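Engineer:
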Amino acid sequence: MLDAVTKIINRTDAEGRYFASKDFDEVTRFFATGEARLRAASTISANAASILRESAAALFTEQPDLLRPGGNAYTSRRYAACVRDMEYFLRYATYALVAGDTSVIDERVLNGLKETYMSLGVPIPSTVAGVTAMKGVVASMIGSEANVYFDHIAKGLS
Amino acid sequence: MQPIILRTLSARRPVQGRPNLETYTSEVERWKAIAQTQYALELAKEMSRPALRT
Ligand SMILES: CCC1=C(C)/C(=C/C2=NC(=C\c3[nH]c(/C=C4\NC(=O)[C@H](C)[C@H]4CC)c(C)c3CCC(=O)O)/C(CCC(=O)O)=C2C)NC1=O
Ligand SMILES: CCC1=C(C)/C(=C/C2=NC(=C\c3[nH]c(/C=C4\NC(=O)[C@H](C)[C@H]4CC)c(C)c3CCC(=O)O)/C(CCC(=O)O)=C2C)NC1=O
Numbered sequence: 001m002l003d004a005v006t007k008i009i010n011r012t013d014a015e016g017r018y019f020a021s022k023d024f025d026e027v028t029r030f031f032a033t034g035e036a037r038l039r040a041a042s043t044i045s046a047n048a049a050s051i052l053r054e055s056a057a058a059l060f061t062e063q064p065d066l067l068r069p070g071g072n073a074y075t076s077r078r079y080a081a082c083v084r085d086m087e088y089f090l091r092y093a094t095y096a097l098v099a100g101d102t103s104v105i106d107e108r109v110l111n112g113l114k115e116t117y118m119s120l121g122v123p124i125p126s127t128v129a130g131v132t133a134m135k136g137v138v139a140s141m142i143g144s145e146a147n148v149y150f151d152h153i154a155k156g157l158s
Numbered sequence: 001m002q003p004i005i006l007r008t009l010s011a012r013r014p015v016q017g018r019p020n021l022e023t024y025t026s027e028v029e030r031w032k033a034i035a036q037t038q039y040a041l042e043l044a045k046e047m048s049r050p051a052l053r054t
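In the order they appear, the protein sequences are chains X and 1.
Here the authors' numbering is used: position 5 in the first sequence is 5, and no number is missing along the way.
Here the authors' numbering is used: position 9 in the second sequence is 9, and no number is missing along the way.
1. Within a Cβ cutoff of 7 Å, which residues of the same chain sit near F19 (chain X), ignoring the five residues on either side of it in sequence?
2. Check whether the Cβ of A99 (chain X) sits closer than 7 Å to any heavy atom of ligand 2, and report yes or no.
3. Name the two residues that bound the continuous alpha helix (DSSP H) containing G16 (chain X).
4. Any heavy atom of ligand 1 within a distance shorter than 7 Å of the CB on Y92 (chain X)?
5. For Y95 (chain X), count neighbouring Cβ atoms within 10 angstroms of its own Cβ and tell me buried if that reaches 16, exposed if not.
6. Which residue's Cα is closest to the Cα of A154 (chain X): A36 (chain X), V137 (chain X), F89 (chain X)?
7. Where does the unbroken alpha helix (DSSP H) through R84 (chain X) begin, and where does it stop?
8. Tell me, please, whether the CB atom of residue 194 (chain X) is closer than 8 Å to any CB atom in chain 1?
9. Could you check if residue 161 (chain X) belongs to the surroundings of ligand 1, using beta carbon to heavy atom distance under 7 Å?
10. Helix, strand or coil: which one does DSSP assign to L6 (chain 1)?
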């Protein structure tokens, strides 16, 4: 997969040129923000259970119809699948935050997710509501460092 | 006519044949390689340019 540094390397290699001053400034900016990004990623990892608990509660308080019979989150199995998908979103958001790039979300998460949900009848707007709830819960904990990755997942899903 | 006049004096050069030039030939090959390298650098710079950006 790709992080920011590999993105810069790939760009320069496709141009067939050595790194220049601008590319070095870009990679230094990446190295500068890296430590804050690891702190955010470690905090998310340590508190992942709490984040899932709060975000699932927020989603199912916003939309109580999902849990009632006939809803897409009505069973132990469909509820477990739902919280599992939120777990996926958080884990891959942490990956993207460490990488500094969203291509891992496009490849491992978004590609085929719309068709999976349409095939199964998962309500995509409600899943986006869940991603937004997770974004708020996570921002309440680490700040605004992971906002762009959740926004990426939300745009890709919608 | 009675002075001693010397008509056919031997030359300095020895009777032997020309010495082989193998070492000189190798050193000229080295200079040719050095000269070839600098033009090869220009053509190699041309080789690394991107594909369809004319
Ligand atoms: C039809 C099949 C089906 C099952 C079996 C089912 C169980 C179930 N119970 C849940 C929450 C819950 N479950 C309990 C029950 C516990 N409270 C005490 O600790 C007791 C020891 C114990 C019950 C005897 C409580 C209080 C909650 C809500 C609080 C929470 O989020 O943990 C949830 C999460 C969604 C929600 O908040 O409603 C599920 C999916 N749901 C289903 O659709
Ligand atoms: C790593 C990236 C990745 C993602 C994102 C992913 C999503 C995903 N969700 C699935 C099912 C599901 N996903 C959901 C979740 C929905 N329920 C709604 O109420 C919510 C709004 C919403 C979640 C927030 C549900 C209920 C199912 C079960 C659907 C069914 O079997 O009918 C399935 C089918 C496999 C299964 O039955 O567990 C996939 C592949 N899989 C992946 O490998």
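Beta carbons are placed, not taken as given, at the ideal position from N, Cα and C, and that holds for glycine.
Structural biologist: Result, derived from the coordinates:
1. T12
2. no
3. No alpha helix (DSSP H) holds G16 (chain X); DSSP gives it neither H nor E.
4. No.
5. buried
6. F89 (chain X)
7. 76–99
8. The shown model of chain X, from 1 to 158, leaves out residue 194 (chain X), and the question about it has no answer.
9. Coverage of chain X is limited to positions 1 through 158, which leaves residue 161 (chain X) absent and any answer about it impossible.
10. The DSSP-derived three-state label of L6 (chain 1) is coil.
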